[PDB]
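Contents: one structure, followed by commentary.
Just so it is clear, none of the values below were taken in a lab; they were calculated from the coordinates. Virtual Cβ from ideal backbone geometry, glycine too; neighbours counted across all protein chains shown.
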Amino acid sequence: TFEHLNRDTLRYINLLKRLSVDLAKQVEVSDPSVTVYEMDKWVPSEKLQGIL
Amino acid sequence: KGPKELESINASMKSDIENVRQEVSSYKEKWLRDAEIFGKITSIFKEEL
């Protein structure tokens, strides 16, 4: 039983970061004073975050 | 496109209609403002014309 619980907590670790399918980003802006955009702080919509 | 961009495109056109309609009738008034004072000698000059 411990030899099964140890193997299923390594594939849980190997599923949160390593293979980890994510979203494809569309950039929306509203203020006209930004002019630079780094693609790290793109967060999804408020209605999609509540569903996910 | 994206709906948050199309909301900013469609609302920008609606404000532009509120700008061009207002600024046309500013020229429609001043061309009639020129018309009421042009006929002080020209209509009499039309009788000379």
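Restricting attention to the range A:24-44, the residues being within 14 Å of another protein chain (Cβ to nearest Cβ), under 13 Å from the mean Cα position of the chain (by Cα) and not β-branched (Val, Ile, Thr) number 4. Applying a threshold of 6 Å to beta carbon distances and a minimum spacing of six or more residues, or different chains, the list of pairs starting in the range B:1-21 at a residue that is within 14 Å of chain A (Cβ to nearest Cβ) and closer than 17 Å to A:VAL29 by Cα and ending at one that is assigned to a helix (DSSP H, G or I) and hydroxyl-bearing (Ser, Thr, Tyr) is empty. Within the group A:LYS17, A:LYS25, which residue is surrounded by 10 or more Cβ atoms within 10 Å (Cβ to Cβ) and of a type in the set (D, E, K, R)? Going through A:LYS17, A:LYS25 in turn, just one is surrounded by 10 or more Cβ atoms within 10 Å (Cβ to Cβ) and of a type in the set (D, E, K, R): A:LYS25. All of B:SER43, B:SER26, B:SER15 fail the test of being surrounded by 10 or more Cβ atoms within 10 Å (Cβ to Cβ) and not hydrophobic (A, V, I, L, M, F, W, C), apart from B:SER43.
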